[PDB]
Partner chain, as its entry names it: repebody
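A single chain, nothing else alongside it, follows as structure tokens in the form deposited without the partner chain.
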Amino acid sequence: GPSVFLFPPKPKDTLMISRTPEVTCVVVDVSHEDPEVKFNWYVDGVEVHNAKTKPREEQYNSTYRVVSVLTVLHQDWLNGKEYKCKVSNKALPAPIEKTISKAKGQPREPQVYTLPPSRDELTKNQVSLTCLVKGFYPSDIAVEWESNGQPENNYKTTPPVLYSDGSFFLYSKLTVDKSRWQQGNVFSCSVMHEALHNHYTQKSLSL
């Protein structure tokens, strides 16, 4: 009956000390007559006792969805500690365990290139600015466009794709009106990854 789902922190969260990276253990499909769900958290095998279990919430399909949220230290996540959520409930034969961590393997620093649009992309009102980020590991990364300090709206990012040698690459596309690229605005592609200095770099682009 009950299914357990264990979610990692957001990459922008693990990479900036101002933010609060958290692991979330989500139990769904808990019957009405065995609703008491117990949680235990282990960090690299030692039980931790500081997780905040939000009070159960009855779903419209007549099952309880219960959530528990453990906060993690940024150096704990990035040093490769394993997080074991252990969910016990009297609807279960025996308790369910789920574990989560950063990806094993040595970090690799992404190279960041910014490509300008094709000449064939001038006969349009809109134009595509491209940012290639390649050779990074593990694949937790964050890509963001801006110009003149303010963020950009119209950008899309592919998912991280596996190259032959084990590392990852992706592309981010910023659609801008040809006018602004003509005028000469500078657009910037900002990349946040653990293997970067200050965890952040930025590449700029203009006519």
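Residue numbers count along the first chain shown, from 1.
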query: Average Cα temperature factor in the PDB entry - higher stretch of 9-17, 183-191; finding: 183-191
query: Stretch exceeding the other in mean C-alpha B-factor - 141-149, 25-33; finding: 25-33
query: Largest Cα B-factor, entry values, listed residues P95, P116, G105, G80; finding: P95
query: Residue selected from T99, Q111, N125, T71 by maximal Cα B factor; finding: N125
query: For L132, the third of its chain into which the C-alpha B factor falls; finding: lowest
query: B-factor third for the C-alpha atom of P55 within its chain; finding: highest
query: Modelled-residue ranking by C-alpha temperature factor, third containing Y64; finding: highest
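There is also a form solved in complex with the partner chain; it is not shown, and the following applies to it.
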query: Heavy atom of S88 within 4.5 Å of the partner chain in the deposited complex; finding: no
query: Close approach of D44 to the partner chain in the deposited complex, 4.5 Å, heavy atom; finding: yes
query: 4.5 Å heavy atom contact, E97 and the partner chain in the deposited complex; finding: no
query: Candidate site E57, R65 and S68: all three near the partner chain in the deposited complex by heavy atom within 4.5 Å; finding: no
